[PDB]
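Single-structure report; data block below.
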Amino acid sequence: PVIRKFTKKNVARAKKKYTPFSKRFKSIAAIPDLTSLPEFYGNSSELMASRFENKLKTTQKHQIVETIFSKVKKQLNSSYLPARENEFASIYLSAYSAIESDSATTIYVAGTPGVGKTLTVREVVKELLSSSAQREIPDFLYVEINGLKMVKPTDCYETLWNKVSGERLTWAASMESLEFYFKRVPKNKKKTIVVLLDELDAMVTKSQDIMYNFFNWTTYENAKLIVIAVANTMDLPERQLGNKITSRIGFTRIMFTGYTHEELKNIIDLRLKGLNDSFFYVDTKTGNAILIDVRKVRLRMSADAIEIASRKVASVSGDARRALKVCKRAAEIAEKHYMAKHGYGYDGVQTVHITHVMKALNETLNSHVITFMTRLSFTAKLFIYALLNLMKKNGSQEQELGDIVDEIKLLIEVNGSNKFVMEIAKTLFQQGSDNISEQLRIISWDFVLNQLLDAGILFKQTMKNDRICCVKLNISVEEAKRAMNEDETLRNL
Amino acid sequence: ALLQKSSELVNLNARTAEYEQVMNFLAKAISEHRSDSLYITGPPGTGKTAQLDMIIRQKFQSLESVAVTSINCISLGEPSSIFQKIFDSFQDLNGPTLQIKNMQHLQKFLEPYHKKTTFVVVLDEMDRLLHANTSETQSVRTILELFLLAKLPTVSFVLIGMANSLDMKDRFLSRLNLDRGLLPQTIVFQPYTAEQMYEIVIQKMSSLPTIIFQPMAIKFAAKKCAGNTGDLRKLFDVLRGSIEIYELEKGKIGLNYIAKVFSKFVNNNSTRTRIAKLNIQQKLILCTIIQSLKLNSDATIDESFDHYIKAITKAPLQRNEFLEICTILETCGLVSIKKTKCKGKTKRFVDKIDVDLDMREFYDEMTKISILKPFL
Ligand SMILES: Nc1ncnc2c1ncn2[C@@H]1O[C@H](COP(=O)(O)OP(=O)(O)OP(O)(O)=S)[C@@H](O)[C@H]1O
Ligand SMILES: Nc1ncnc2c1ncn2[C@@H]1O[C@H](COP(=O)(O)OP(=O)(O)OP(O)(O)=S)[C@@H](O)[C@H]1O
Ligand SMILES: [Mg+2]
Ligand SMILES: [Mg+2]
Numbered sequence: 355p356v357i358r359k360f361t362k363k364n365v366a367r368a369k370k371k372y373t374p375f376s377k378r379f380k381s382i383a384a385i386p387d388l389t390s391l392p393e394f395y396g397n398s399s400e401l402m403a404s405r406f407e408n409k410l411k412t413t414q415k416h417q418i419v420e421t422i423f424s425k426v427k428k429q430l431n432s433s448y449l450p451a452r453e454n455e456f457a458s459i460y461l462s463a464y465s466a467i468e469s470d471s472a473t474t475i476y477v478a479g480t481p482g483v484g485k486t487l488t489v490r491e492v493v494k495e496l497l498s499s500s501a502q503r504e505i506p507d508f509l510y511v512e513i514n515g516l517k518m519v520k521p522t523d524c525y526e527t528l529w530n531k532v533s534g535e536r537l538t539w540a541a542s543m544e545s546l547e548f549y550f551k552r553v554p555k556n557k558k559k560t561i562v563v564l565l566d567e568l569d570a571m572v573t574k575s576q577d578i579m580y581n582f583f584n585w586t587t588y589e590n591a592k593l594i595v596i597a598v599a600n601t602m603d604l605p606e607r608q609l610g611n612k613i614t615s616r617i618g619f620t621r622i623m624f625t626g627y628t629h630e631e632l633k634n635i636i637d638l639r640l641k642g643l644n645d646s647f648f649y650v651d652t653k654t655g656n657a658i659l660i676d677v678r679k680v681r682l683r684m685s686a687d688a689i690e691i692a693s694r695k696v697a698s699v700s701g702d703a704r705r706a707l708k709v710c711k712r713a714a715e716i717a718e719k720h721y722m723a724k725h726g727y728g729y730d769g770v771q772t773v774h775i776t777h778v779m780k781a782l783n784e785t786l787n788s789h790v791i792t793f794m795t796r797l798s799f800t801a802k803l804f805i806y807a808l809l810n811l812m813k814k815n816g817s818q819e820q821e822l823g824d825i826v827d828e829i830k831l832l833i834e835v836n837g838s839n840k841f842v843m844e845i846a847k848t849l850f851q852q853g854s855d856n857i858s859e860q861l862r863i864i865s866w867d868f869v870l871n872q873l874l875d876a877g878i879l880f881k882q883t884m885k886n887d888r889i890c891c892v893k894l895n896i897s898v899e900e901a902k903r904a905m906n907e908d909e910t911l912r913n914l
Numbered sequence: 060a061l062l063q064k065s066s067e068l069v070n071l072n080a081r082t083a084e085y086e087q088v089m090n091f092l093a094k095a096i097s098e099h100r101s102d103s104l105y106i107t108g109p110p111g112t113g114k115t116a117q118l119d120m121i122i123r124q125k126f127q128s129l163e164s165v166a167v168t169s170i171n172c173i174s175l176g177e178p179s180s181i182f183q184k185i186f187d188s189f190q191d192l193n194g195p196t197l198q199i200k201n202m203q204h205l206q207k208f209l210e211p212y213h214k215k216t217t218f219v220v221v222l223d224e225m226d227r228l229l230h231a232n233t234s235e236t237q238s239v240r241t242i243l244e245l246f247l248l249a250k251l252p253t254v255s256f257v258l259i260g261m262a263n264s265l266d267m268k269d270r271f272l273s274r275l276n277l278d279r280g281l282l283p284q285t286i287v288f289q290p291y292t293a294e295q296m297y298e299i300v301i302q303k304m305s306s307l308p309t310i311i312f313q314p315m316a317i318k319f320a321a322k323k324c325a326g327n328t329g330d331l332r333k334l335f336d337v338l339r340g341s342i343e344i345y346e347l348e349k383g384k385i386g387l388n389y390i391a392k393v394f395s396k397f398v399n400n401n402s403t404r405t406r407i408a409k410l411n412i413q414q415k416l417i418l419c420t421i422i423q424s425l426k427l428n429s430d431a432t433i434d435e436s437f438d439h440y441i442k443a444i445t446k451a452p453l454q455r456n457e458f459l460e461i462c463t464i465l466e467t468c469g470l471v472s473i474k475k476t477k478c479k480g481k482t483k484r485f486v487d488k489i490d491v492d493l494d495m496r497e498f499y500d501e502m503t504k505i506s507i508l509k510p511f512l
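Heads up: the protein sequence lines correspond to chains A and B, in order.
Using the UniProt record's numbering, the letters of the first sequence map in sequence onto residues 355 to 433, 448 to 660, 676 to 730, 769 to 914.
Using the UniProt record's numbering, the letters of the second sequence map in sequence onto residues 60 to 72, 80 to 129, 163 to 349, 383 to 446, 451 to 512.
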């Protein structure tokens, strides 16, 4: 038949309809009551997610063994609170004064990552669902739009209209459908919907039209939506959104500030209230601890260890997740000590203390580049030394490679007295043998270029001439200076 | 529920200072003729959508025969889909094929087969469409193309323009400005004396008040909003927040919000600068970034750390402590560390440092610390 210019044999199209909600009936006066419709708002076939559930469950077998520290490493996972009250109260009031008043508000929260904003927002929505179950308010359909959980930044329309309506269209039909449903359909036939815009600064793409529409459907009188959009920087509509959309977002702008050391200590106290200073019935044979041969054991997650883990993480960025990561690494270190000391293996009291949590606090404050450039090869340290002493002559940070080569040759020829360098300068140029001429480059030159290029110490510009290819120290010069002073041979060479 | 019935955010209703001015630009809406060559272009939040709801809500009710439906310029993006959405008038079979080529194929559809009738559409947010094609090529071209008013028979097919904020108003060209259609009228709609506007919104009432808002606080709110451009939607989210912070005790309290959101964004330039820094190691490093600006504009964190061991060289310190203590100056909202182009010689990414506030109040912030005076 035809001979085609190229082929698209691996193409997969969804089953999604093109005609929007505006052309269902073509009668605005005869729109049916959308709330108690069979398909709308999740009233039919809501097993549409729980099809894949009996795939990742296999055998209920073989008697898994918990330990004395496996309990704390389970309670330090993702899961009143004395942390966020003046934010929870204002957000729940600002979202309750629109649920009761059939309004169209927009709340704006923001904060550096870890300050509990999505936790308080989801608890606000859980409490408002409890209020809807107590029937002091109307009910709503809850939609969470995560900014990064989607492959296309315009799929927000598709998932919002799908969650509202039970039908899935393409993204253009979904945005026209949502535009009609939020402009023209009267407030007697729509129950309200609350929208969580999780990680808003990932849908600003190329038009700002999604950011336009989700904050311009809320300026309408006939649309009962509440947008509780979270963010990652407080001045986001002053940096990357227009001033008109800044006026749309408005003036609420409730910031989730960082935590304090007292708040973080209270957080770890509530996380370990059920386990600290309690009693466990371990067995000498395995180690299987059970909370209320058999040994009654305490567990002192010490408050000084908690507060010295909390003060540093309260200083740096104040995150109630990084505090849990520190206090879980401490329990991991304790469990490793316990299992290695007792020979237990998988199938007195126990403590977590200051000089035991300092390893968990020091595991993320180590630059393993100095202990890398010390264990580097001699030719790689000689490369770094040639680059380091060319810098005092030049002052560019961007030395060529033909210069490094001649500087290495200069150092080897000008040190002809040292016993180490006369033993090594034969092998450095000829691999210790004859029937090999004196090479222009040292042996392992491309190897120690690449071993620093892949490691990110070195930084070479792309070109075909490996005499004028510039080379930069990507890490630093001060740490290279402090790493080249422990060699016993390069300290004089 | 008298506190919940004080809704100030979206409401049914320039009605503030230009009531005669809005009620004298609606002339030929009943005589079947062309009314006004106006272009609604003002600051973002003055009430262009507000007047253009009422200007058709007068002519909606029992329809001389008028059929009018409002749409927006939202799902266009490119100058491609301007004409299909307005074609739900008689829901014809044609529309996809014959219309979208040419102005004479829409001049073919300007004459009305079903009586004189009426059909005037209001394309909304029209500056959003013309912001493409990067010089003039098919968007500004379309604005110089769809403002022709060449043939004027007995046909009611006028279209008033809904232009947005003053982003590209003062950029023009002689084709856009020389006698073709609806050009030479543009008005700034800025609601000065918005105190009386709030008085109209509260006196148009369905929930009887007892203690009204104090007009000293109302005039203070109207003073502390209209300096930027005079946004009214910005001011509508202020008194609502004032009565929302009133309900958090269970003009004296409608002031700490602005004195709260002005101070919150401002924080303290020098008073809280060292206060939050309290640590000297969280203080002199900001001076290291100040000294890493008047030598190099590509301030790498290495360059912020090569400056570090050109100042303190007189318990060790690694780079991790410096780059994590810089996160505190990131967390407060002064410094910007992200990956940029890193121009230099090679063009791969690295960390940068940048500062935002002008060096006037920070230079007075060092007047108390005796060790941050030699580093300036
Ligand atoms: N006060 C708190 N109580 C309990 N857990 C908290 C608290 N604050 C933060 N968290 C932890 O943080 C998680 C909730 O995520 P959040 O940090 O609120 O989201 P976020 O702050 O937006 O972070 P990103 O940047 O969006 S990944 C929970 O799993 C908690 O373990
Ligand atoms: N006189 C008024 N009385 C009551 N509400 C008003 C009045 N003027 C404005 N508003 C409200 O404020 C909103 C401002 O309308 P817009 O004209 O859309 O604002 P805008 O600055 O023109 O934004 P654009 O057009 O996108 S640049 C209206 O939709 C009303 O909700
Ligand atoms: Mg989150
Ligand atoms: Mg508008």
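A virtual CB, placed ideally from N, CA and C, is assigned to each residue, including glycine.
Residue i in three-state terms, based on DSSP
i, result
"residue 312/B", "coil"
"residue 823/A", "helix"
"residue 650/A", "strand"
"residue 360/A", "coil"
"residue 722/A", "helix"
"residue 852/A", "coil"
"residue 371/A", "strand"
"residue 880/A", "strand"
Cβ-based neighbour list, residue i, same chain, cut-off 7 Å, excluding 5 preceding and 5 following
i, result
"residue 345/B", "385"
"residue 873/A", "801 and 879"
"residue 61/B", "306"
"residue 459/B", "433"
C-beta atoms of residue i and residue j nearer than 7 Å
i, j, result
"residue 718/A", "residue 423/A", "yes"
"residue 833/A", "residue 846/A", "yes"
"residue 561/A", "residue 619/A", "no"
"residue 324/B", "residue 318/B", "no"
"residue 781/A", "residue 632/A", "no"
"residue 288/B", "residue 111/B", "no"
"residue 393/A", "residue 610/A", "no"
"residue 294/B", "residue 316/B", "no"
"residue 463/B", "residue 436/B", "no"
"residue 771/A", "residue 682/A", "yes"
"residue 224/B", "residue 405/B", "no"
"residue 841/A", "residue 910/A", "yes"
"residue 466/A", "residue 596/A", "no"
Residues near residue i by beta carbon distance below 8 Å, same chain, minus five either side
i, result
"residue 657/A", "420, 421, 422, 424, 425, 648, 649, 650 and 680"
"residue 861/A", "826"
"residue 569/A", "515, 599, 600, 601, 604 and 608"
"residue 495/B", "422"
Whole-number beta carbon distance between residue j and residue i, since they are thought to touch under 8 Å
i, j, result
"residue 436/A", "residue 553/A", "No coordinates exist for residue 436/A; the numbering of chain A passes from 433 to 448 with nothing in between."
"residue 636/A", "residue 689/A", "5 Å"
"residue 684/A", "residue 644/A", "5 Å"
"residue 385/A", "residue 557/A", "6 Å"
Cut-off 6 Å between Cβ atoms - residues of its own chain near residue i, not counting five sequence neighbours on either side
i, result
"residue 526/A", "539 and 542"
"residue 243/B", "274 and 275"
"residue 216/B", "164"
"residue 115/B", "none"
"residue 266/B", "none"
Any non-hydrogen atom of ligand 6 closer than 6 Å to residue i Cβ
i, result
"residue 264/B", "This structure simply doesn't include ligand 6; it includes ligand 1, ligand 2, ligand 3 and ligand 4 instead."
**Report entry** Continuous alpha helix (DSSP H) assignments of at least 4 residues falling wholly in the segment 311-342 of chain B
**Finding:** 314-322
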